[PDB]
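Residue numbers (the deposited numbering), protein chains in the order written: chain b, 51 to 326; chain f, 51 to 326; chain d, 51 to 326; chain 2, 536 to 574, 605 to 775; chain 1, 680 to 727; chain F, 134 to 397; chain E, 134 to 397; chain A, 266 to 397. Where is the CB? At the ideal position from N, CA and C, for every residue including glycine.
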Amino acid sequence: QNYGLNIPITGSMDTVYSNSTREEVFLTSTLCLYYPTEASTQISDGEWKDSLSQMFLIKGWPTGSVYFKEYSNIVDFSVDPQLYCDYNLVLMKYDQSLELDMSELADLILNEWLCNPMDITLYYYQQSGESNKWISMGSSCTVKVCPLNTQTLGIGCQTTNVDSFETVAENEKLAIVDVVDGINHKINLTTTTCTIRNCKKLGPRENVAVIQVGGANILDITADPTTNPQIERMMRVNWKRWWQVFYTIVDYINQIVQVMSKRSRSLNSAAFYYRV
Amino acid sequence: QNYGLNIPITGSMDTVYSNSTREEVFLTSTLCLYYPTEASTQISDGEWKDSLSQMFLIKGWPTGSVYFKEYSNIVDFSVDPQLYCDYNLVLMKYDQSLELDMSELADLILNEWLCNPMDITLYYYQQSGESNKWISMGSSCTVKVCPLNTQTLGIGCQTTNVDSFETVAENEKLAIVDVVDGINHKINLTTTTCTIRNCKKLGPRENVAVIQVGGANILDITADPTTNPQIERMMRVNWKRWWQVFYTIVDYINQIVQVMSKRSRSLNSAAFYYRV
Amino acid sequence: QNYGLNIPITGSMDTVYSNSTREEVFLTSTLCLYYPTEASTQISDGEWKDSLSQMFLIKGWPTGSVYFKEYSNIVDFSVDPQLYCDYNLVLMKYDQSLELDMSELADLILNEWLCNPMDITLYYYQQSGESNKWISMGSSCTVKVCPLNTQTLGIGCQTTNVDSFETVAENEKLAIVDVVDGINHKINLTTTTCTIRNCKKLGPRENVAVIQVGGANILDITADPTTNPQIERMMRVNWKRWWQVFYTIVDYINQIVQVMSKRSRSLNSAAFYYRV
Amino acid sequence: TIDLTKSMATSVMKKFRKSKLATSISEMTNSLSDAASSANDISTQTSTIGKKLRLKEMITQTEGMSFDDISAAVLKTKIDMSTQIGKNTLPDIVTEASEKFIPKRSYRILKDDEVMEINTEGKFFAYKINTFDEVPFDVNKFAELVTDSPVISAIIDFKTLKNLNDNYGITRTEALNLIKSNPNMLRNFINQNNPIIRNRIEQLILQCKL
Amino acid sequence: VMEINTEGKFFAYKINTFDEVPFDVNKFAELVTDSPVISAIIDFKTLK
Amino acid sequence: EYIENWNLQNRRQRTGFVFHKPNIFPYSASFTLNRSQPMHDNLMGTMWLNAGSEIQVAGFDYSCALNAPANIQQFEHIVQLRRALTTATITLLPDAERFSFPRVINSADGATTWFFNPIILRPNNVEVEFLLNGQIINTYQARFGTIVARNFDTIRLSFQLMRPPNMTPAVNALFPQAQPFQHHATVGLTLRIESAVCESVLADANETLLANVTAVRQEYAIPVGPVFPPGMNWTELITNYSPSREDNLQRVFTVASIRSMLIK
Amino acid sequence: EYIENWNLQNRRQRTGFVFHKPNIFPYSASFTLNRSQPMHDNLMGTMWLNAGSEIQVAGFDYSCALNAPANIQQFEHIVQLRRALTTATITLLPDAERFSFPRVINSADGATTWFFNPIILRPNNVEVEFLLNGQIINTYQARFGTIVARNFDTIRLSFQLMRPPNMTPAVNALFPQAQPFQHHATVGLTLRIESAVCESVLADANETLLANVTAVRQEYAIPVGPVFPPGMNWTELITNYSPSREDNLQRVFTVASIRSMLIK
Amino acid sequence: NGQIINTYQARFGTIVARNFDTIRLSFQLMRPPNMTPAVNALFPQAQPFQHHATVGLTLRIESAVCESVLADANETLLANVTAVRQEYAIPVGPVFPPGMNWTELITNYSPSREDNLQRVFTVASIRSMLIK
Ligand SMILES: *[C@@H]1O[C@H](CO)[C@@H](O)[C@H](O)[C@H]1NC(C)=O
Ligand SMILES: *[C@@H]1O[C@H](CO)[C@@H](O)[C@H](O)[C@H]1NC(C)=O
Ligand SMILES: *[C@@H]1O[C@H](CO)[C@@H](O)[C@H](O)[C@H]1NC(C)=O
Ligand SMILES: *[C@@H]1O[C@H](CO)[C@@H](O)[C@H](O)[C@H]1NC(C)=O
Ligand SMILES: *[C@@H]1O[C@H](CO)[C@@H](O)[C@H](O)[C@H]1NC(C)=O
Ligand SMILES: *[C@@H]1O[C@H](CO)[C@@H](O)[C@H](O)[C@H]1NC(C)=O
Ligand SMILES: [Ca+2]
Ligand SMILES: [Ca+2]
Ligand SMILES: [Ca+2]
Ligand SMILES: [Ca+2]
Ligand SMILES: [Ca+2]
Ligand SMILES: [Ca+2]
Ligand SMILES: [Ca+2]
Ligand SMILES: [Ca+2]
Ligand SMILES: [Ca+2]
Ligand SMILES: [Ca+2]
Ligand SMILES: [Ca+2]
Ligand SMILES: [Ca+2]
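Next up, the structure:
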């Protein structure tokens, strides 16, 4: 029916309530690190997952809760990020020239999305508004868009010839293309190696968090130029040694989960709801 | 909108309930048939998807709303079956010796499993209660579980000796393994091939129906042996001709959709519980 | 303690419940498991008795209170199955062409039978009503019944010609034969190797539960063609691995015992009726 | 469930003997023995007397509710419900439950139809026992009487008696027993479920926060 | 005085003159939580 | 009685009307769902009919308190009398008979319909609290049969659905651990205000004054007036009982009795 | 009251007796099947019980209004009072209790017995009409709870069984479209005449006049007279309520009142 | 009694209420169409929302006429009654709440409570003519 959305919950500002609703469908919540492979490479150990789990046992996470996931590099991990897990942290080792890719993956994971498929080869597509994007993911996406007149004649690009098309993403594992909202488009990309989906952005996913391990603050989840909010989940540290990074995270894990909130989680592990 | 709160709702009994909704759940939703390739092999056609679409249009569903999916056979479809599609039917032919595989698939796709990853290499995994299983999906899932004493020592098996372990699934594409809930276990499963997830069973998936095309009432979604429920969506129909089967489905599509329902976790009203 | 008499008890419909008896039924009774030799054959281990016993202890059953009793197969176990034990479970791997044999065994063990002898060579026998049957047990039973007129002349058979006699059961270990009620019969059954008993059907034997490990619901304990009910104690489960079957048993053993109950005829309450 | 169980009582006592409360009572006893073997001012004096009275409450067997009693009850409940208790947790948490639970408390000395109440913070009152109207205090008399007469742990302190008697009219017997910290009448009042007592008990349980 | 046996039997009776009175459960249940209970080595029957 | 109350009220003194089966509750049949789903397969909550002198409330749980704390679901039902009652003799029984047979009920929104298939457990540690100005005037714990409420303005009926700890195989089959729940547990109460005493005038099963006033209004097609609802629907008259309505109702009832003293 | 009405009738004038819960209805529990078969698998009709002051009706359909037009099945029940009441306060509620649990009922002539397994839907667009000589004196459309009948000698209850258009899986499974029909939809009404004013004399619950008269006739084994039925069976007396029988009943009732004035 | 007696729209300052039992305050929060750079920075279209828009009303019943009795800010009748009860520690009686708690007393103001309140208030009025 609902969870009583359409009626208001009242509360007293002059009275501290006592009772709480004890509910759980779980064993216990699961902290969950996504680290780059160079972290393990520099550590040069291999009982270190055991060691970190033991540390989290002190900090107050049972053994079976904390999980660890290696990924090769951020551009590779971007392709279809499956966050199979409850309290998700992503350790993004910053490097120059990956500014947009880092920010784009952050926009993908930190936000909930509602995606439909895009039969590219048949129809033309618009963007409903500020909340819409097209997420193209795969081995090598090379988006080429061509805007269309009201007469379904391309502007700046002949709708037949594809070389004239205006490229917007060139060989990216993940791209979040925004085009002008109100213009019919013809899109061309390598349908075998890449898949594009028409994705609305719902509210923010308040579950995953991004720890930028390296330098300057460059995350911009909001594709708008004017606004660049710094959410609490865009944490950052200055690093030389991955062991020091991990000890920092462990020691301050309670604050990190306090910043996050697990009430937003999906059954399946996909980073975007799919609605055919 | 008071998402993520159990808020009671009061409803009267003098209220005159409203008009029908079949026209809405047809003009809006998307019907979605999953059939085995041997069906089309016997049909020996290839305009037949279009013909079925036209008959569904005669019955009410708009042109683009009824979508068809193939699969080689039930055991191969078992591995990661994700029905990203609004109203799901699964035609499931029955043959001897596939009873358990059919039951496993029926459980998996009829009940909403929420689940977390498992690092077999590192932790010892224990099952909480009646609603917790481990589902292993892959090309060859050979799960070898060794129970552990209260001292974390094996019984019937030696933690250093993989051979004496107790197998509970051999080369299965899908396996819902249930162990004695209350004991730590050490698993070994072929990590390069088969993934395993510690999953537990939420309420039912009211969006997917299973049409057993063959024999007797052999599905047992409930792993408990005492109870053998007959859910509304575990339909069963005799067969000697796939055309006749499809015509039955087309004719009674209203009834099948009445048996099914909109997925609860897909609703906006479930936003901050487990929305998916 | 006023045995024998049927005195009318009285109770109030407003009294309260009492504390749960789960602890007592675990700590005093004795669980008891019958399985086919192919179980151990597939297990191919042999401290598995101890492993299962310790798992049962974790569930709450003391070490010495759980018994295992391998039997060769259904047909050779049905020959006088003596369940001298306290909470009986009988696994049965369903196989084709053993439908009647399995159903006969289930009918024999799941109900209390009051059996008197039958001197085939001397008397001519009868069936008082629907609650009366003749159970023949031995290495090779071939019951040949010749019904009689009201003047002790056979109909469809001659009283002197066992060739003319009509065969009702042939060369089976267990044969629960029924015949027309109110017609005298003359039997010939190979007395050197198959005893026969005239048995009456008392209430149900809750002490034992049957678990069909194989196919579909077939067990018709009620010899009446009309009613083919589904008793709580007739459980069914799918299977590929005997280890998985046994783990399911151990996990849900509390539910199985809840389905069962202590034998009504094993108690002092039933002392002077048909106590056994 | 635990396999070790290697005298958790003794393990707790080992670190309990070294807590500030233990060494404080030892120092108090040593100071009295040395005194025997030898030969706002009011607020400060009453604060010192209140510290001494807290030590005396820990040492002796009082017939009142005895704040330490509530501290132990809250400790037991928290320990039982909490499911994270290692070898070195009950030691070094029973000590803390002795130290920090209810840091602030008050005591009473009953005397000939009057009562003299003291607080560890520094507060001090004196009031008639039949009708609660405070009378002039005598710190010298209180210091004289505190060493010998029995001390009543003011679970329900005069700040609360005044409000409760004035609003909810109380009988002489119930009022006297509340002053004496009688568990019978305290539980009677909580069974009645009156907001003043409910609020004060919740305030103490909150003060047990550590 | 409200008196209880451990095997169900219950009595209620004055002090000055031991004339028993109808028992009042839901008053005894409330009283016994708080009041000081007394063992009854001299049972009510023998006392009367 | 009516003129005596009229004079004892004209001079400011306490008045009283004795009523047999006073229809104090406005007609109200409804239900609250403290847990629900679109499939309406695992519900839990209360249903109630308040009509005439009947309160009839049934708390239901589809899981039979499977996962409730200590396997005990807790149900509460408030009923705020529109006017205080005095010296009420009440009849309290368990097993609310109205909500004791299978139903299908339109959803709260009105979109779908859900199936209700009760199996009646016994209600346990029931407490009936008769309140006046929020203060418990009377309390009855597990005391059925006739009871007395000296003076009360509100009723809190609290009951509980406790899972049977021990279970016959049949009832165990009734209550499974899985989802289907082909039967739904229920526990109910019925409360009949057999008689009472009240200051403001009401309608009764023993007096003809309400019917007489409504009849003489319907006879001559009197237009719908300011204060009384259309057609003198007593449910709508009692659901909001403003002092102007009270004054007018006492006046018309007094004249109705004065007339009924001669015209029958 | 009795002697007053006696004088008012001896000098022809408007009599009247105020009755709490009159026994206006002759006792009759029965059923009419508007659709039936020898198999008794698919039935449709109305059961009813008239008794004392209570009416219960239950229109049932085994197909839940599938083949019926508009998926709405009409039901109508007529109750013909033997005497006209006046200013009758009448409670009206849904969900007839007595015809909402499973039963096995003998057939129209006792030859066989058929199974009835109600599932209680809500009676929609109910309409209760109170008729005097065929003229609608009052009507009430979907207004449960207390109501009033000004002056009437017939009650016409017209209710309906509407198949719920939207249906969750449970109720959908309850109502198939094939033949078996393992659950039988039912819609019921309950109607109690709480109080009324009758021109003639009837038994009540407030009074004991019938008790006194029949007890006197039974004490001495009076032989059966012409007009009163044997044992003064009230059902048989009210089914045929001819004028001479009414006159004798009034005489004996007023005499019984005069006696009960002193002999209790 | 459910019908509108007075209604005012965008009227501030002093106003009147003839005879009223309930107040319905309806107002609206309209997003300002034109927005200076500062307010545009305040209100984004994304979720964060560091600043939360609000619109409010204040309403003071300066004076009125009540058929029944109430406490005021100009009259000390309630103070006298409560002080007389408090100085002597009267047991809480059947009708009034503990300590003459005016909030609970006005929350539940049944006619018996009203009559007792009027009696004690008029007695205090009599007393105040001589004792202060
Ligand atoms: C307890 O929870 C209920 C909701 O069921 C809430 O109304 C109530 O305020 C809570 N308790 C307190 C003391 O507020
Ligand atoms: C993109 O353009 C190239 C060259 O025109 C063409 O071969 C290719 O098919 C286009 N992509 C798709 C998906 O058709
Ligand atoms: C419902 O259907 C009826 C006819 O079946 C129609 O008269 C009515 O307008 C409909 N109501 C709505 C709200 O669609
Ligand atoms: C399982 O056992 C095999 C031995 O055949 C071993 O090689 C493999 O590493 C084991 N699996 C894991 C995850 O360690
Ligand atoms: C019943 O069990 C509870 C806890 O499960 C326990 O507190 C209680 O003492 C038990 N009953 C008896 C009579 O011991
Ligand atoms: C049954 O028939 C055989 C011949 O086939 C005969 O030898 C035998 O004696 C008969 N049995 C009895 C019990 O008479
Ligand atoms: Ca990118
Ligand atoms: Ca171009
Ligand atoms: Ca855009
Ligand atoms: Ca930006
Ligand atoms: Ca499988
Ligand atoms: Ca082994
Ligand atoms: Ca399990
Ligand atoms: Ca099962
Ligand atoms: Ca023959
Ligand atoms: Ca056999
Ligand atoms: Ca027979
Ligand atoms: Ca049968």
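With a threshold of 16 other beta carbon atoms within 10 Å, residue 317 (chain A) falls short and is exposed.
Counting only residues of its own chain and dropping the five nearest sequence neighbours on each side, residue 228 (chain d) has a CB closer than 6 Å to the CB of 183, 273.
Taking each of 714 (chain 2), 704 (chain 2), 768 (chain 2) in turn and checking the Cα distance to residue 725 (chain 2), the smallest one comes out for 768 (chain 2).
Identification of chain b residues near residue 80 (chain f) by a Cβ-Cβ cut-off of 7 Å yields 326, ordered along the chain. Residue 210 (chain E) is bridged by DSSP to 290 (chain E).
Contact holds between the region 650-661 of chain 2 and the region 539-549 of chain 2, because three or more Cβ pairs, one in each stretch, are under 8 Å apart. For the options 540 (chain 2), 751 (chain 2), 737 (chain 2), 536 (chain 2), the alpha carbon positioned closest to that of residue 354 (chain A) is the one of 737 (chain 2). Here residue 333 (chain E) carries a coil assignment [DSSP, helix/strand/coil]. With a contact defined as Cβ atoms closer than 8 Å, residue 369 (chain E) and residue 362 (chain E) qualify at about 4 Å.
In the structure shown, residue 553 (chain 2) adopts coil according to DSSP, grouped into three states. Contact with chain A is found for residue 360 (chain F), since one of that chain's Cβ atoms lies less than 9 Å from the residue's Cβ. By the criterion of at least three beta-carbon pairs nearer than 8 Å, the region 289-307 of chain E is in contact with the region 172-182 of chain F. Burial of residue 323 (chain F) is indicated by the presence of at least 16 other C-beta atoms within 10 angstroms of its C-beta.
By the rule that beta-carbons nearer than 9 Å mark a contact, residue 355 (chain A) touches chain 2.
When the five nearest sequence neighbours on each side are left out, the beta carbons in the same chain lying within less than 7 Å of the beta carbon of residue 360 (chain F) are those of 377, 378, 381, in order along the chain.
Against chain F, the CB of residue 61 (chain f) has a partner CB under 9 Å away; the residue lies at that interface. Taking 9 Å as the CB threshold, residue 314 (chain f) lines the interface with chain F. For residue 251 (chain E), not one C-beta of chain f is nearer than 9 Å to its own C-beta. When the five nearest sequence neighbours on each side are left out, the beta carbons in the same chain lying within less than 7 Å of the beta carbon of residue 117 (chain f) are those of 80, 82, 135, in order along the chain.
Interface criterion met: the Cβ of residue 52 (chain b) is under 9 Å from a Cβ in chain F. Its Cα nearest to that of residue 303 (chain b), the residue 102 (chain b) stands out among 252 (chain b), 176 (chain b), 127 (chain b), 102 (chain b). DSSP places residue 309 (chain d) within a helical segment (H, G or I) once states are collapsed to three. Put simply, the CB of residue 732 (chain 2) is near chain A, with a gap under 9 Å to one of its CB atoms. With a beta-carbon spacing of about 25 Å, residue 561 (chain 2) and residue 773 (chain 2) fall beyond the 8 Å limit used to define contacts. DSSP, read as helix, strand or coil, puts residue 364 (chain A) in helix.
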